[PDB]
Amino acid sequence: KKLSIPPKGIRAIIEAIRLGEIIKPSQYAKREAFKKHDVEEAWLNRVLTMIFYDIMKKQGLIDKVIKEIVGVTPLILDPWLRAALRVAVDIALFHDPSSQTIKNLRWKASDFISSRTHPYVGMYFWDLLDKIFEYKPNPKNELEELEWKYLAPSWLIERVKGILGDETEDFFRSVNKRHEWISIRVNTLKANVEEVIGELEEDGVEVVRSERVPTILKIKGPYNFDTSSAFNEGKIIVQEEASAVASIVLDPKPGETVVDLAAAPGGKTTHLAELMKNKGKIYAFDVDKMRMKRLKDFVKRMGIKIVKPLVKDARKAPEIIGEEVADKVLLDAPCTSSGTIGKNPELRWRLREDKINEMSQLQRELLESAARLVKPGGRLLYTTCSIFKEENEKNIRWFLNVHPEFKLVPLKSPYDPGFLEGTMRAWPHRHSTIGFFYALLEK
């Protein structure tokens, strides 16, 4: 028949959508909310997960609808109200709910947000429900029609067109597909691939091994990591294929001294240690103390013992660890994350233009800090998970202009050429991984 969501399910997505605003990446929020409200059933877990990503993906469009109905941007409203309104608008417009579900929205959702806030906000929600269910979707503008096809803001659509041209439609298709796959890396230091595959297939988990990096596995969700034997023993870590390639490209050797200039939560720095076979030294810098504690949790659980974590600004060092002291440095630079809009769909709506240039300047000063850490024979790898030239090819052309003395080491495997020859790019619509950029440099 139709879509029937139980009361605990209604409270679940509301809390997930609310927490998704303050906990990033939003997957952690979804996990937290689902365990809080006891979503044990796989069928409910699937349905609510699908709705979760549908809301994230269409957030900006949903908000425009809320503004038409309510009269103001939902951004000035209470967080629980905003979350409830987003859930209700998405369910009413897209998911054709059964009478029981609309009843649970009316009574159980109103009550839930009241208990988290004040009776008046539940009442206000209750007063809006009928307007939402009677709302006639009306895309008038050629701009509004465009935004509804790609599920993206006009500025982003325009900016992608300037980069991909004919491929723009395919790009948005690939970041719009659903799709329930999670990418993980097998910790070779503590387990082997087939053993992990078998343990996953021992559960009801569908597994597909990556052809580009055989330690990467795609698993079909939902998958509980805090009850997983493989995860709690440190055999597996969540990482995209593109991110795994980064460490392999830099190619750190056992006994070398390596720097991960922006390291937390530690997907790549933990991978660098595998390639160095738990020998040598890794200096791991990150300004975020709360992200660094995750890296420390991963390091010891995964049996890593060569990582020295440093909660400091990465523009410092030199004169923290030394000048030309690194055999090779990885700069997986803080960035816009625009290449990850398939994985974290809501980012397409939260991104600004401004701050593309703000991130671009930070990357350059980390890049200058990286340059001075590299030994004469050493190598520097610069990566972002951004698709913008401003953060990528532009930042490398600048680097090759001011430095003296680096040169670009040509890259081919396993992805495609970037817009500067010798650089490499991954694309969602070409490679089924996140948008990514690679620049390998040596003195």
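Sequential numbering from 1, following the sequence displayed.
Asker: Highest mean C-alpha temperature factor of the two stretches 315 to 323 and 233 to 241, which is it?
Answerer: The deposited B-factors put 233 to 241 ahead on the C-alpha mean.
Asker: Compare the mean C-alpha B-factor of 104 to 112 with that of 129 to 137 as given in the PDB entry, and name the stretch with the higher value.
Answerer: The deposited B-factors put 129 to 137 ahead on the C-alpha mean.
Asker: Quiz for you: based on the deposited Cα B-factor, which of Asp332, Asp297, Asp288, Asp203 is highest?
Answerer: Of the options given, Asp203 has the highest CA B-factor in the PDB entry.
Asker: Say you rank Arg352, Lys281, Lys328, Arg372 by Cα B-factor from the PDB entry; which sits at the top?
Answerer: Answer for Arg352, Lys281, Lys328, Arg372: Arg352, with the highest C-alpha B-factor.
Asker: Taking the C-alpha B-factors as the PDB entry records them, is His118 in the lowest, middle or highest third of its chain?
Answerer: It falls in the bottom third of the chain.
Asker: Using the B-factors in the PDB entry, rank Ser228's C-alpha atom against the chain and give the third, lowest, middle or highest.
Answerer: For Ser228, the deposited C-alpha B-factor lands in the highest third.
Asker: Which third of the chain holds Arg364 when residues are ordered by C-alpha B factor: lowest, middle or highest?
Answerer: Lowest third of the chain for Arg364's C-alpha B-factor.
Asker: Which third of the chain holds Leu77 when residues are ordered by C-alpha B factor: lowest, middle or highest?
Answerer: Answer is lowest: the recorded C-alpha B-factor places it there.
Asker: Which third of the chain does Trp43 land in by C-alpha B-factor: lowest, middle or highest?
Answerer: Within its chain, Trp43 is a highest-third residue by C-alpha B-factor, going by the deposited values.
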